[PDB]
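Student: Encoded as structure tokens, here's the structure I'll be asking about.
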Amino acid sequence: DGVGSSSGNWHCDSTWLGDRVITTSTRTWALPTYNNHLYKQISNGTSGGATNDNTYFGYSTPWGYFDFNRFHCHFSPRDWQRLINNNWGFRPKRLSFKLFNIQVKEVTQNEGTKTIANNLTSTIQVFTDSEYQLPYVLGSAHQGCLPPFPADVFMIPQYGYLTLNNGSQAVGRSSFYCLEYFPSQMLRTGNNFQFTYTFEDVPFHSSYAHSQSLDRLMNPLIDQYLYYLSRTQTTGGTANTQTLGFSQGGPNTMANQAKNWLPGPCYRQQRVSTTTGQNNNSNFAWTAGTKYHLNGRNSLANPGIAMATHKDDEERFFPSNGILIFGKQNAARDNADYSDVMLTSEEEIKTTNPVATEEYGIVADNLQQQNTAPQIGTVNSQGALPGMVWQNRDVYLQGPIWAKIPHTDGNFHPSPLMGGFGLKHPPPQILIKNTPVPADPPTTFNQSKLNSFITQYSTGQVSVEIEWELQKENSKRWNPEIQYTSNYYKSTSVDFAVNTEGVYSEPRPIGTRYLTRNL
Amino acid sequence: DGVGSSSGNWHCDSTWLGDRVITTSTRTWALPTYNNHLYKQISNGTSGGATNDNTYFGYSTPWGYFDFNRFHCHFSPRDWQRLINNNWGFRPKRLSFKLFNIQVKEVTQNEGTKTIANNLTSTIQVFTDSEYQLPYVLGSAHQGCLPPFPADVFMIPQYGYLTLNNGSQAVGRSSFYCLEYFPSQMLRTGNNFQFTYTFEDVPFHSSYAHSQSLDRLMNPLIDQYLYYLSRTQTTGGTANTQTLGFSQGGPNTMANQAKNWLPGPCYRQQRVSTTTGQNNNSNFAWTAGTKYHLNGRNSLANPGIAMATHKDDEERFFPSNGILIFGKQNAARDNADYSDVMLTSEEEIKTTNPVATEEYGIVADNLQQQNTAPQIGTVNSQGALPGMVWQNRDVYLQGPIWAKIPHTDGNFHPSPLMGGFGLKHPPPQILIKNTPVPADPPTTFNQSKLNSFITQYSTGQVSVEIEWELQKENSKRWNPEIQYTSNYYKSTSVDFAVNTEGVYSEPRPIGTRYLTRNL
Amino acid sequence: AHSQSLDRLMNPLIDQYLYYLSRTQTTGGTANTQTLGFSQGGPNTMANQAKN
Amino acid sequence: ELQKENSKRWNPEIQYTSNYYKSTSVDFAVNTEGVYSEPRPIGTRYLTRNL
Amino acid sequence: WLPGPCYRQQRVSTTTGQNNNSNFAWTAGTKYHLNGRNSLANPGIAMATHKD
Amino acid sequence: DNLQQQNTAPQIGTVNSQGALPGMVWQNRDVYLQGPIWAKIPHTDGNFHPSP
């Protein structure tokens with residue numbers, strides 16, 4: 220533990236050991252000072268231009284957290300190609316974390332001349348929330364992850380939480396959390412910090428698409444022994460009367476055969492086309508969207524439950540808020556074009572799940588009689604019925620990994636809608652902050668708190684190692700499969716590589732489901 | 220491990236132990252920052268002025284490597300005189316490497332006043348590629364070696380590689396290598412780095428010239444028992460007719476005797492003279508050169524295979540691209556004069572190898588009859604025949620040492636054409652880089668990567684120790700040999716010494732082959 | 428399949444220390460005569476570099 | 688006996704894949720008359736190593 | 480597979496009426512050139528003597 | 584010998600001397616009752632199938 224000795228080594232590697240894979244990643248961070256070492260209250264009112272659907276109340280802290288809840292922070296694009304091509308499932312087992320090589324520097328601004336010098340005696344504060352006594356921010360899909368490309372230097376986010384509100388006003392059950400009421404460890408330069416975590420039991424992630432559909436599970440050569448009603452009216456001529464006729468399911472009437480299972484649930488959404496000439500000439504993004512109503516607030520169901528995107532030969536349709544939409548390099552924040560984003564498609568799960576822009580089915584409406592025709596009724600949203608089967612949404616190379624299940628009384632199939640692994644005890648948050656150093660205090664005493672500080676920042680390394688467990692492919696299919704490949708022809712720049720200016724870019728989203736298993 | 224303690228000692232010595240020699244060399248390096256910590260794509264197109272023979276595609280990295288693949292980095296000019304005068308061969312056995320005394324400094328430019336101050340807490344990154352997972356740059360004869368003279372301070376090169384191309388455009392099999400995806404060690408000031416390597420089994424380097432030729436291996440006093448066809452036409456007068464006459468090889472017809480072996484291969488080149496009045500009045504360096512055609516590219520066969528340079532009494536001729544050409548002190552890059560370069564000559568191997576500017580032989584062309592004269596045909600390039608013998612190209616005091624054999628399916632006598640030792644597992648590359656240190660980040664969060672850094676550089680020592688194995692001279696020759704000597708008469712400055720301004724210079728190339736062995 | 432070719436195994440950023448014959452005829456005008464000129468292999472004349 | 692792939696390439700490789708769009712018959716399968724057929728030659732060299 | 484190497488030579492007949500009326504033992508022979516000396520490739524590499 | 588086109592006939596070329604190609608096989612010359620037995624291989628850097 221000295222100033223002339225490094226406290227870690229740059230580990231960044233991945234090994235494959237048959238039924239495991241251990242990945243390591245190491246980046247370089249830099250931490251500013253937030254809020255000038257102050258806690259602040261933030262809120263937004265119904266007054267002005269804001270509406271009732273967008274009010275909030277909460278706090279903003281001087282601390283900063285670490286968010287590595289994303290898939291490409293650990294996997295190189297080659298190592299993601301090895302994973303999706305040969306494996307039917309993967310789940311994580313344990314992780315490890317390590318901070319080292321802390322450097323604290325100060326900056327002095329005089330007459331426009333900026334001078335940056337070392338400060339050998341200042342500290343930082345790091346700790347983990349192991350007992351889950353804070354709000355949980357990760358898993359709400361925010362920015363500020365580790366960079367995809369290891370040769371980048373990133374910036375640490377800011378921590379802030381939310382509580383209850385009535386408009387822009389707090390109520391009696393609001394809560395104020397002081398992060399300095401927790402035991403934390405202080406590090407001068409030449410110290411390090413590390414801990415160890417172990418994931419709980421979690422089901423595998425289905426990295427396959429079914430090669431068989433629910434309504435085509437029978438035998439094409441044998442009739443059934445089990446009848447169905449087929450005819451009610453005779454066919455002699457003008458004098459058609461009532462009758463009861465029955466028949467058997469066979470090879471040619473395969474929509475009438477008796478079946479054992481149902482498709483998954485359906486919560487129908489609006490269909491919009493990427494060819495712009497086929498849409499309506501109106502602004503229907505918010506007025507026609509699929510919402511849900513909680514506490515007098517219309518929040519948007521986004522992306523909703525896991526349903527299929529489009530049926531066959533209709534690749535130009537997508538639900539208005541039903542897919543994950545990823546942005547390319549240098550896309551603007553507001554009003555990006557169509558060619559600046561990348562649309563993901565969930566077409567693999569159309570064998571069991573319903574289509575997100577079409578109805579679930581048709582049910583009856585009245586009691587038919589001799590003088591009353593039978594009426595039908597279309598169901599738009601259908602809850603869970605006994606005998607249903609479904610699939611979850613796929614994970615991506617740049618998608619999230621885990622989310623925290625809220626500590627409630629009950630839940631129903633707790634998988635996150637954005638995909639990944641639903642945990643009841645997620646990895647803990649890691650909060651970091653520079654300790655304040657005051658400027659010169661006055662010579663005479665004054666009871667007020669000090670508000671003149673030395674402006675500082677700090678930088679250093681970080682290392683995350685996660686061990687994954689795999690499930691091998693054990694199929695007896697004769698013809699070849701579908702794999703992920705690179706493009707073959709010549710092009711201006713290499714995909715998944717640097718530019719001529721030095722900006723890394725990802726050309727397309729990469730799914731997971733490429734191998735096939737039967738139902 | 221502290222700031223007030225050196226971490227190494229200046230070892231620079233050579234010892235002789237009968238059948239070994241252990242040489243050590245120590246220099247002082249300095250490393251800048253490359254590309255401003257960025258990866259970049261570099262290429263060259265057929266458009267503009269460039270041609271199809273000179274296109275490339277590749278990348279440029281922020282790292283820097285160590286190249287000691289040259290003979291004078293380890294051998295003093297005296298110790299090279301001890302080697303070539305008493306030994307018939309030498310090969311290397313093992314090496315050792317050591318970095319120490321790291322100093323990281325920073326520079327701040329304000330109003331033209333340049334101030335350079337210490338930075339006690341910054342690191343560098345060094346590692347070796349032991350498993351050969353990178354492109355191999357060494358052995359392509361580049362600059363940036365250790366200096367010949369130990370009192371110099373040198374500068375570390377930059378790493379960059381090449382891949383496939385179609386013009387100036389990448390194809391599907393191009394590859395992008397991120398050097399930060401390897402495990403590397405970080406060193407503050409007061410740390411050191413060292414490893415150990417062991418060469419594989421490699422044949423000796425023939426440090427001799429043969430004192431006997433292939434076509435003069437017989438006995439000058441005894442005829443042969445084995446005949447040859449000598450006469451076809453009688454010699455009576457006008458009435459000469461056909462006959463068959465035979466004779467024996469003897470002491471006076473020694474070109475007709477039966478012989479056991481062939482000369483080496485031949486790939487003929489163009490002859491040019493240093494006396495300028497004897498050349499053609501045309502520009503024939505590229506249009507008349509000896510090339511080889513790969514993938515629609517005319518690349519120059521340089522220096523081609525090991526052939527002799529000139530026959531006797533013709534010391535003014537040399538092949539246009541068949542010799543290694545070395546530059547003197549302060550030679551220009553483009554259009555140097557004749558008096559600014561030094562031409563090496565391979566005249567020792569004329570006893571077995573063919574001459575590089577003359578043909579290999581004469582073969583038949585048709586089937587002679589009573590009404591058809593026999594025709595002959597000259598062979599310009601000849602592949603390997605059974606029974607051939609040859610010699611390799613010589614190594615020099617300022618020539619390379621090793622080269623990497625490409626990992627392919629087959630090869631034929633894998634010695635490098637520039638001379639030296641063909642290895643399948645060469646010494647590993649050693650890549651070094653300063654870790655980036657950011658400037659002050661903004662107070663509010665921003666997802667973009669940081670691109671404002673503190674400008675730095677770093678310096679320190681380096682030490683290489685290689686052990687060589689020798690093969691002694693065991694001849695029974697009566698008259699004295701030929702040795703390497705210094706000039707005897709008075710002169711203005713000492714050869715192989717410093718100037719009056721302080722610039723070291725090498726006056727002439729020094730070969731190896733001085734002692735003699737019989738065939 | 429190899430991802431690298433035989434005539435492109437060098438470094439795109441560093442010249443060589445090893446020369447090659449490049450010019451034989453001068454370029455003043457009508458009175459072009461014989462000369463010997465040499466140069467180094469570099470990043471832009473990569474067909475002229477010395478190869479193994 | 689096999690020899691595994693031990694490369695550190697960043698971007699993805701080239702693999703052998705099946706065709707994706709709809710077609711009349713499955714490749715590498717039987718006909719409607721019962722004759723097996725191979726549609727194309729399949730090489731071996733798809734992964735890459737440096738020289 | 481391929482046949483072995485070939486270094487072609489001149490054909491002469493023992494029936495004397497079928498040869499040329501010239502002295503071609505040295506001027507038409509198969510030689511090899513070493514160090515400015517035309518030595519005779521004798522007997523050369525192992526090739527077959529005559530066909531059927 | 585060349586590249587045939589719509590307006591260019593294909594040409595052929597006869598090889599008189601051929602070096603070693605991959606996949607060749609050959610035999611050595613026979614020994615005789617009054618022929619030699621051994622020969623010394625010259626101490627050199629390389630050789631190719633050192634039979635006399």
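Residue numbers (the deposited numbering), protein chains in the order written: chain A, 220 to 738; chain B, 220 to 738; chain C, 428 to 479; chain D, 688 to 738; chain E, 480 to 531; chain F, 584 to 635.
For each residue, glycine too, the CB sits at the ideal point set by N, CA and C.
1. Using a Cβ-Cβ cutoff of 8 Å, what residues of the region 686-717 of chain A are near chain D? List them in chain order.
2. Quick check on DSSP: helix, strand or coil for residue 300 (chain B)?
3. Compute the Euclidean distance between the alpha carbons of residue 498 (chain E) and residue 588 (chain B), then round it to the nearest angstrom.
4. Below 8 Å on the Cβ atoms is my guess for residue 474 (chain B) versus residue 490 (chain E); work out the distance and round it to an integer in Å.
5. Rounded to a whole number of angstroms, what is the C-alpha to C-alpha distance between residue 703 (chain D) and residue 733 (chain D)?
6. Let me see if you follow: with CB-CB separation under 8 Å, is residue 394 (chain B) close to chain D or not?
7. Quick one: complete alpha helix (DSSP H) runs, 4+ long, within the region 231-308 of chain A?
8. Quick one: what does DSSP say residue 476 (chain A) is sitting in, helix, strand or coil?
9. Considering only the beta carbon of each residue, do residue 480 (chain B) and residue 513 (chain B) sit closer than 8 Å?
10. Any beta-carbon of chain B closer than 8 Å to the one on residue 732 (chain D)?
11. Any beta carbon from chain C within less than 8 Å of residue 644 (chain B)'s own beta carbon?
12. Give the DSSP-derived three-state secondary structure of residue 568 (chain A) in the structure shown.
13. Within a Cβ cutoff of 7 Å, which residues of the same chain sit near residue 562 (chain A), ignoring the five residues on either side of it in sequence?
14. Here's a check: name, in chain order, each residue in its chain whose Cβ is nearer than 7 Å to the Cβ of residue 610 (chain A), leaving out the five neighbours to either side.
15. For residue 559 (chain A), which three-state DSSP category applies?
16. Determine whether the Cβ of residue 740 (chain A) lies closer than 8 Å to any Cβ atom of chain D.
17. Compare the beta carbon distance of residue 688 (chain A) and residue 312 (chain A) with 8 Å and say whether it is the shorter of the two.
18. Quick one: what does DSSP say residue 433 (chain B) is sitting in, helix, strand or coil?
19. Do residue 521 (chain B) and residue 451 (chain C) have their C-beta atoms closer together than 8 Å?
20. Which value, in whole angstroms, describes the spacing of the CA atoms of residue 354 (chain A) and residue 347 (chain A)?
21. List the residues of chain B that residue 455 (chain C) touches, going by C-beta distances under 8 Å, in chain order.
22. Shortest alpha-carbon distance to residue 552 (chain B) belongs to which of C:477, C:478 and C:467?
23. In three-state DSSP terms, what is residue 602 (chain B)?
24. Ignoring anything shorter than 4 residues, give me the alpha helix (DSSP H) runs that lie fully in the region 671-737 of chain B, in order along the chain.
25. With 8 Å as the threshold, decide whether the Cβ of residue 364 (chain B) is near any Cβ in chain A.
26. With a threshold of 6 Å on Cβ separation, who are the neighbours of residue 724 (chain A) within its own chain once the five nearest residues in sequence on each side are excluded?
27. Report all residues from its chain with a CB closer than 6 Å to the CB of residue 643 (chain A); omit the five preceding and five following residues, and keep chain order.
28. Which class does residue 398 (chain B) belong to by DSSP, given the choice of helix, strand or coil?
29. When we look at the beta-carbon of residue 708 (chain A) and count the other beta-carbons within 10 Å, is it buried (16 or more) or exposed?
30. How far does the beta strand (DSSP E) with residue 404 (chain B) in it extend, from its first residue to its last?
31. Which residue comes first and which comes last in the beta strand (DSSP E) that contains residue 510 (chain E)?
32. Is there a Cβ from chain D that is less than 8 Å from the Cβ of residue 300 (chain A)?
33. Starting from the Cα of residue 444 (chain B), find the closest Cα among B:298, B:679, B:460 and B:470 and give me that residue.
34. Are the CB atoms of residue 535 (chain A) and residue 564 (chain A) nearer to each other than 8 Å?
35. What does the Cβ neighbour count give for residue 737 (chain B), buried or exposed, with the cut at 16 atoms within 10 Å?
36. For the region 368-388 of chain B, enumerate the residues whose C-beta is nearer than 7 Å to any C-beta of chain C, in chain order.
Tutor: The short version:
1. 697, 698, 699, 700, 701, 702, 703, 704, 705, 707, 713, 714, 715 and 716
2. helix
3. 6 Å
4. So it is not a contact: roughly 22 Å between Cβ atoms.
5. 8 Å
6. By this cut-off, residue 394 (chain B) is an interface position.
7. 296-305
8. coil
9. Not closer than 8 Å, so no.
10. no
11. no
12. helix
13. 537, 542 and 544, listed in sequence order.
14. 425, 525, 568, 571 and 572
15. Here residue 559 (chain A) sits in helix by DSSP.
16. Outside the modelled stretch of chain A, which goes from 220 to 738, sits residue 740 (chain A), for which no answer is possible.
17. For residue 688 (chain A) and residue 312 (chain A), yes; Cβs fall inside 8 Å.
18. The answer is helix: DSSP assigns residue 433 (chain B) an H, G or I state.
19. no
20. 13 Å
21. The premise fails here: residue 455 (chain C) is roughly 13 Å from chain B at the closest Cβ pair, so nothing lies under 8 Å.
22. C:467
23. coil
24. none
25. no
26. 548
27. 624
28. helix
29. Flag for residue 708 (chain A) reads exposed.
30. In the DSSP annotation of this structure, the continuous segment of the beta strand (DSSP E) that includes residue 404 (chain B) starts and ends at 404-406.
31. 510-513
32. Proximity of residue 300 (chain A) to chain D, defined by a Cβ-Cβ separation below 8 Å, is satisfied.
33. B:470
34. no
35. exposed
36. 376, 377, 379, 381, 382 and 383
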